[PDB]
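**Student:** Residue numbers (full-length UniProt numbering), protein chains in the order written: chain A, 7 to 349; chain B, 7 to 349; chain C, 7 to 349; chain D, 7 to 349. In this text, a Cβ means the ideal position worked out from N, Cα and C, and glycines have one as well.
There are 4 protein chains.
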Amino acid sequence: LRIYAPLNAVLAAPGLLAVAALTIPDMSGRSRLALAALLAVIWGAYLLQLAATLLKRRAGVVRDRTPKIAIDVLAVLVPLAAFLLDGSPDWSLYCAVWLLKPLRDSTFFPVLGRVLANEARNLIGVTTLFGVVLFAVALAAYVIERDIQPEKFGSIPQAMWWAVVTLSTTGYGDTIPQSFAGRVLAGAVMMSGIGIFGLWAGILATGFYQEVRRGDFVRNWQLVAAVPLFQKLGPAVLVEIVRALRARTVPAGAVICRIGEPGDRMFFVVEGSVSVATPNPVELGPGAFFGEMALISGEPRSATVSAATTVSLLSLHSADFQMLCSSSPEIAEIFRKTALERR
Amino acid sequence: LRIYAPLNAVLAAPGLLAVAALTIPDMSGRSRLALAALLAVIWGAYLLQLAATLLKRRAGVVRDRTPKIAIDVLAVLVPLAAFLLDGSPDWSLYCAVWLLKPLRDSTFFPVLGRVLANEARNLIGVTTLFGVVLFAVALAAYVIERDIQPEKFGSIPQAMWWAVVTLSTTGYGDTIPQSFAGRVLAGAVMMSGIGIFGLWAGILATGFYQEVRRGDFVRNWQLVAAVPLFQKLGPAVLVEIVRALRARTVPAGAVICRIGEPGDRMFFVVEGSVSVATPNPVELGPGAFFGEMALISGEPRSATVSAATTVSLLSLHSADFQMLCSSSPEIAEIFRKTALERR
Amino acid sequence: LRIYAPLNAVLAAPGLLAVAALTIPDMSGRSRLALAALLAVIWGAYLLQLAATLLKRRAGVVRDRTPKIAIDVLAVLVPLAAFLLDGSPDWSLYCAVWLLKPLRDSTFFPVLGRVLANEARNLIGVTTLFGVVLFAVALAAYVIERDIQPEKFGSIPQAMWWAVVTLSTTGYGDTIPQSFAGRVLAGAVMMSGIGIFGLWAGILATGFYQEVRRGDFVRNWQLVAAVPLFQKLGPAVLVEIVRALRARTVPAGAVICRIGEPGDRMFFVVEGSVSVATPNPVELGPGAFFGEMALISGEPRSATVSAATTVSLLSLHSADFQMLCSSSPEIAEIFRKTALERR
Amino acid sequence: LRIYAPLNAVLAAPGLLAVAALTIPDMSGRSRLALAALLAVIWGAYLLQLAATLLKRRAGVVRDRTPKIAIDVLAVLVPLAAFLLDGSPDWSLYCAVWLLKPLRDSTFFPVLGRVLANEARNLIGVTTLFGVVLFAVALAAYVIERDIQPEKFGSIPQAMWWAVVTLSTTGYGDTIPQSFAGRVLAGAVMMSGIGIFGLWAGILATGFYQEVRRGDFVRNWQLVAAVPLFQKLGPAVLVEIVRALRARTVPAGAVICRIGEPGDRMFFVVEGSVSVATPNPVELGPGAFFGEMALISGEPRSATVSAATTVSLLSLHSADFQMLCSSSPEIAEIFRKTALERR
Ligand SMILES: [K+]
Ligand SMILES: [K+]
């Protein structure tokens, strides 16, 4: 269900992308002039934004900042500095700083610092074991091919390189054991590979799970707060739901729900309003749920539900939905009649 | 066990596969004439089916449709259009549309939109981070080999390409740092690799997990309606069972359970009938469980239980089976006497 | 710890491995005569074993069999047949059958069948999605390089091959887009790669998790069944322990616990006996636990605990151990005083 | 946050790394003289420490050792032996032993032995299955290319090598099916690959998870013990917290909490002291928590909290924090007043 609410999503990211677009030599006149010019203007928009932030201390209702400001500070100062110090050639390198911006929207890095942090004593141990494993292999591979390939196994670092290629799963094809036994040794190498392949894996596995778990405070602590519905529940029931709860702003003109289109979930409205294409034009206010008969029934969208405007929405899975109907019979009853209003 | 169980599974899939067989130049023979003709006939079968769906509004007693119809509409209209608009040599491209059909029987894509959707703000950030990482690497690799390989590192996009090959774990072997330091840098590239290799991973891991979760809850609900047995239980106990419950439809002639053959689980019958090769011919009706003494005992299939006909079966794990025997001692008692009937 | 513990593990496996050692042409004298001869003798030993099983209805202590016998039947008949039917030089191919044997001691394949089976309706869909994804890529890649490489992209299957190389993470290096855009297209391909990389993964993730889950049936009877200790507990407490419980059979002469050697767990004895190197020689009978002061204290092995003989041991985690001590104060008291006996 | 926190971490690791730096041929005098000499001195420092451990029976107040000592013994004796036995040019190989040390601070290897150990019966079966799969492929690949590439597929081991390259996801590029059908067979090979790719995976997945689970006794059993806070809770609540609890030792001069800097957690002090940059200079004693208003509020670090000295800190997640405040309202109340002192 994507039309325009991620309106903000729709227009800032591109500035970050254009950095790559410019990056090319042996380039013609028609595209280079426009693109190079655009970054200076984007830069200026951000520069204007900075004056507001450094200078201004009001955001609306609630907000907090510090290292985050530092990130923004670095982002604007660097491209500027490139412009100033460098009256010369490549300084577009300095522009790259844009990519710093997207990290702000995620639940990852300052937290990653925290999580990477609490297990630095062990995770580091795994990688060190890794450097070590690379070392023993270099010794093994080198002895078999030193005389035959002074050219390729001439040295430990040459052997070390092959370990690098072989260890990860890349295998370039330029260097290989010409002799029969070396191939046999690689057989052992293949076995150490299972473990190795797994290491690449340990790092992201903990990080993604962590990062997702973290969004629970932003997305699933604050978000839970607007829906008054969430309050009947205490700490144990809420966390399972918290892992489950999902966000997304739908806007002006978006077809939230297509009429006729399957709805295997229901939507809750936090902010903004939505419109229902039905018998009695229903505009939905905060504390509203729609497509609920979708679940009672197990069928579609009741109406074309189109976001009246920019609206933040929460959706509920069938497993979770039974919990809400059971927790509050009154709520099951309301979903059905409101659904009657919705359908 | 498989014989003619998903009778339906056995037949439709082949039409989807034939698209690949046809797709060959420098072709001759008996093979090309038959195959090209078959797609038009398959198209016609589906075309006939479409008239039925567009025209017909009765399905028995269990269905709902909309975007799904749209998929079917696209599927038939496209190969049709190629036939009409194109009197031209290549229109078999348009036929490919068949592969759209398999998505229909999965728990994934409409659902995928919901998963990918609720975490689009975090998930895309990781990939954007990926473009970023790729960029810095292009810079580092390019500086090392620009003079040496105007031919290979002639430009950022050339460097960028190497980052693509190297980042994933593919490594073609046509480009590499000739110089020693470059090889050393690749050592750093290798450590960034763990993170990288992991990204490829974050995407399917979440999708498969959800996809299975989506199908399972519905399957459990269906089993509960179908198996009266499921009703004693409330929302908390059923979900664990729901992840566990599993289904297929055995048919005519399938030997559901080989006699003598180990049975480490038992089967429940939702629809259809089954036949038991035992002292008293036993045909099993709905609400029937068999091979239960298999579990009480911990041994095989009681009988050659062959599907009397097309039958939908559910199987229960030993861990789960204890829960059913303990929840209802009456049920445990029944499993043993019926088992006496079954064995 | 290992000495001759799985006395059985030590000897049968080698016969399975020897199949590979023989497999070499341009072979000479001393190795070939012995190795070829050995398989016939191993075959004969198995043939004798078969006569016993086909003709024998007695057991060491409780068993069940049917499809398993069929596996054994196929295993001996094939190398036999090769011997008889083939006076021909290559029939060692038929010998390979040995590898069928190891599947017998695992918790996987009959189970894999049932599990793969209950989700063939969806796992197959993912792979099908894979064949189709492969198809769109072949079309895309072919278009860019048809004129340039009639030799490499001369045909869809030629393009299809590259999709195979690229899709998995192998990348041979013999084929690549010569032109700039193809490399750009490969950029999209790289992104579709993450999804693909994940598919390879979806299959094992379900199988390994489950295969381990399955051994619970063997494990519960094995540790829970012979340790009277396990009976205080009911179905909910046991399963968590069940995932946790672990086993091996130590033998004659094995030093179960090195004396002075850290013991981060304790061992339970199901079958066989063990000896303790301490003030009072202690031989441990069934229903015995040792190295428990290792946990109360959090320090090593009390004594060199050496398996008096072939013994089946279960070990308990510190997390689990607290549950045992808390569930039964009397048990906590016994562990310390017995420990006094052990230390 | 990191400054001189693990003071110890900062110094020992480098000695381990230096082994790689020295290991280079075609080297020059300026770098080589210093580096070669450093290992002898590092060796001597370790030699000194060993005499202390060998001849000493005290330290701090709570330790145990045996196999661990054996590791240390092997570590010093080896480089010594190389020095003594070998007046010879290459003995730096013997020095490598340093890397043995890192395993000491991890929760993995003795324990890995423990887990690998209770699952030798099942992991081994999969790996052997792997050799088996490799065998069938060597047979199939060899038949297609024996005449064409006596040079590449001349033998099963030559075919076997390709199986190694192909099986893992490396693909060098030197040996490929020239013929069309092999390319088709490779299509089957690609499918068996998913299964293959997964094997590499089963090994690290269980190992990392268990390894992390293991630090629960060191880090989350005895270590938690210093927070009196942990006592109210019983065995079930603690384990969830135990997986969650995390540690580092900040030192002299580290700014624990940047002031202004987001604090999305709070820190507990086990050992050492910390200083708070606020209205009342606050030095924090053991049993202290800071940045708690960070959670009540959901905003940063109250103060620049800088480690007064070497301090061991525990940090608490928001999900966990709610449990703490709810378990003891008295504690919630204390967090806010202390927070008043901290802020
Ligand atoms: K590769
Ligand atoms: K390659």
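Quickly, what does DSSP pair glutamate 289 (chain B) with across the bridge? List them, please.
**Tutor:** Paired residues: B:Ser281.
**Student:** Using beta carbons (cut-off 9 Å, strictly below), is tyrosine 52 (chain C) in contact with chain D?
**Tutor:** Not an interface residue.
**Student:** Measure the beta-carbon distance from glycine 204 (chain C) to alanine 126 (chain B) and round it to whole angstroms, keeping in mind my assumption that it falls under 8 Å.
**Tutor:** About 17 Å separates the two Cβ atoms, so there is no contact after all.
**Student:** Against chain C, does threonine 172 (chain A) count as a neighbour if the rule is that its beta carbon must be under 9 Å from one of theirs?
**Tutor:** No, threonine 172 (chain A) lies away from the interface with chain C (no Cβ there is under 9 Å from its Cβ).
**Student:** Which residues in chain B sit within 9 Å of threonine 59 (chain C), going by Cβ to Cβ distance?
**Tutor:** Near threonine 59 (chain C) there are no residues of chain B at all, since even the closest Cβ is about 14 Å away, more than 9 Å.
**Student:** Could you tell me which whole alpha helix (DSSP H) segments of length 4 or greater appear in the stretch 141-206 of chain C?
**Tutor:** Correct list: 156-159, 162-174.
**Student:** Closer than 9 Å, CB to CB, is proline 163 (chain D) near chain C or not?
**Tutor:** Closer than 9 Å: yes.
**Student:** Does any C-beta atom of chain C lie closer than 9 Å to the C-beta of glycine 188 (chain A)?
**Tutor:** So no, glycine 188 (chain A) is outside the interface.
**Student:** When every heavy atom of ligand 2 is checked, does at least one fall within less than 8 Å of the C-beta of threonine 172 (chain D)?
**Tutor:** Because no heavy atom of ligand 2 lies under 8 Å away, the Cβ of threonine 172 (chain D) does not count as near it: no.
**Student:** Only counting the same chain, and skipping five residues up and downstream in sequence, which positions put a Cβ closer than 7 Å to that of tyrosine 148 (chain B)?
**Tutor:** Once the five neighbours on either side are set aside, the close Cβ partners of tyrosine 148 (chain B) are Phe159, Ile162, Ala165.
**Student:** State buried or exposed for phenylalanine 273 (chain D), treating a residue as buried only when at least 16 other CB atoms are found within 10 Å of its CB.
**Tutor:** So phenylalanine 273 (chain D) ends up on the buried side.
**Student:** Which runs of the beta strand (DSSP E) fall wholly inside the stretch 52-77 of chain B and span at least 3 residues, in chain order?
**Tutor:** Within the stretch 52-77 of chain B, no complete beta strand (DSSP E) run reaches 3 residues.
**Student:** By the criterion of Cβ-Cβ separation under 9 Å, what are the contact partners of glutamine 228 (chain B) in chain C?
**Tutor:** None at all; the shortest Cβ gap to chain C is about 13 Å.
**Student:** At a Cβ threshold of 9 Å, is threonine 316 (chain D) touching chain F?
**Tutor:** The structure shown has no chain F; the protein chains it does contain are A, B, C and D.
**Student:** Tell me, which residues are paired with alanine 15 (chain B) by DSSP?
**Tutor:** For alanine 15 (chain B), which the question treats as bridged, DSSP gives no partner whatsoever.
**Student:** Among residues of its own chain, excluding the 5 on either side of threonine 212 (chain C), which ones have a beta-carbon nearer than 6 Å to its beta-carbon?
**Tutor:** Same-chain partners within the cutoff: there are none.
**Student:** Can you tell which of B:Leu86, B:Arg220, B:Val224 has its C-alpha closest to the C-alpha of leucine 99 (chain B)?
**Tutor:** Checking every option, the nearest Cα to that of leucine 99 (chain B) belongs to B:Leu86.
**Student:** Counting along the chain, where does the beta strand (DSSP E) carrying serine 312 (chain D) start and finish?
**Tutor:** 311-313 is the span of the beta strand (DSSP E), which, as asked, contains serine 312 (chain D).
**Student:** Just by C-beta distance, which residues in the stretch 237-257 of chain A are closer than 7 Å to chain B?
**Tutor:** Listed in sequence order: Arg252, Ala253, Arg254.
**Student:** Measuring alpha carbon to alpha carbon, tell me which residue in D:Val138, D:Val243, D:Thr133 is nearest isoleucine 200 (chain A).
**Tutor:** Among D:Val138, D:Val243, D:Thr133, the Cα nearest to that of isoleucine 200 (chain A) belongs to D:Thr133.
**Student:** So which residues put a beta carbon under 6 Å from any heavy atom of ligand 2, going in chain order?
**Tutor:** Result: A:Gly177, A:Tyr178, A:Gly179, B:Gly177, B:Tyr178, B:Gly179, C:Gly177, C:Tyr178, C:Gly179, D:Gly177, D:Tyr178, D:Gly179.
**Student:** Please identify, using Cβ separations under 8 Å, the residues of the stretch 272-293 of chain A that lie next to chain B, in order along the chain.
**Tutor:** Residues: none.
**Student:** Should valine 224 (chain B) and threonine 113 (chain B) be called a contact, given that it needs their Cβ atoms to be closer than 9 Å?
**Tutor:** The answer is yes: Cβ separation under 9 Å.
**Student:** If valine 171 (chain D) sits next to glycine 177 (chain D), beta carbons under 8 Å apart, how far is it from one beta carbon to the other, in whole angstroms?
**Tutor:** Confirmed, Cβ separation roughly 6 Å.
**Student:** Determine which residues of the stretch 92-108 of chain C have a Cβ less than 8 Å from any Cβ of chain D, and write them out in chain order.
**Tutor:** Flagged, chain order: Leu99, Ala102, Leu105, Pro108.
**Student:** Rounded to whole angstroms, what's the CA-CA distance from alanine 24 (chain B) to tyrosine 215 (chain B)? Just pull it up for me.
**Tutor:** Distance between the alpha carbons of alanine 24 (chain B) and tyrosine 215 (chain B): 31 Å.
**Student:** As a quick exercise: from A:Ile130, A:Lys238, A:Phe296, pick the residue whose alpha carbon is nearest that of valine 218 (chain D).
**Tutor:** When each option's Cα is compared against that of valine 218 (chain D), the closest is A:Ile130.
**Student:** Going along the chain, which residues of its own chain have a beta-carbon closer than 8 Å to the beta-carbon of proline 183 (chain A), five neighbours each way excluded?
**Tutor:** Counting only Cβ-Cβ distances below 8 Å, and skipping sequence neighbours, we find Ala147, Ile150, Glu151, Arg189, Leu191, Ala192.
**Student:** With 16 as the cutoff for other CB atoms within 10 Å, does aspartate 222 (chain C) come out buried or exposed?
**Tutor:** Label assigned to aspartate 222 (chain C): buried.
**Student:** Output yes if chain B places a C-beta closer than 9 Å to the C-beta of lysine 74 (chain C); else output no.
**Tutor:** So, interface residue.
**Student:** Could you check the C-alpha separation between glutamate 289 (chain B) and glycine 259 (chain B) for me, to the nearest Å?
**Tutor:** Each residue's Cα considered, the two are about 14 Å apart.
**Student:** Just tell me which of C:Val103, C:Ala142, C:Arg110 has its CA closest to the CA of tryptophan 168 (chain C).
**Tutor:** It is C:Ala142.
**Student:** Starting from the Cα of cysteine 101 (chain D), find the closest Cα among D:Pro156, D:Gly179, D:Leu28, D:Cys331 and give me that residue.
**Tutor:** Of the listed residues, the one whose Cα sits closest to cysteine 101 (chain D) is D:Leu28.
**Student:** Verify the CB distance criterion: does residue 416 (chain C) have a CB-CB separation below 9 Å to chain A?
**Tutor:** In the structure as shown, chain C starts at 7 and stops at 349, and residue 416 (chain C) therefore has no counterpart that could be examined.
**Student:** Using a C-beta cutoff of 9 Å, does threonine 175 (chain A) count as contacting chain C?
**Tutor:** Taking Cβ atoms only, chain C reaches closer than 9 Å to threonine 175 (chain A), which makes this a yes.
**Student:** Buried or exposed: which applies to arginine 63 (chain A), given that a residue is buried once 16 or more other Cβ atoms fall within 10 Å of its Cβ?
**Tutor:** Classification for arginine 63 (chain A): exposed.
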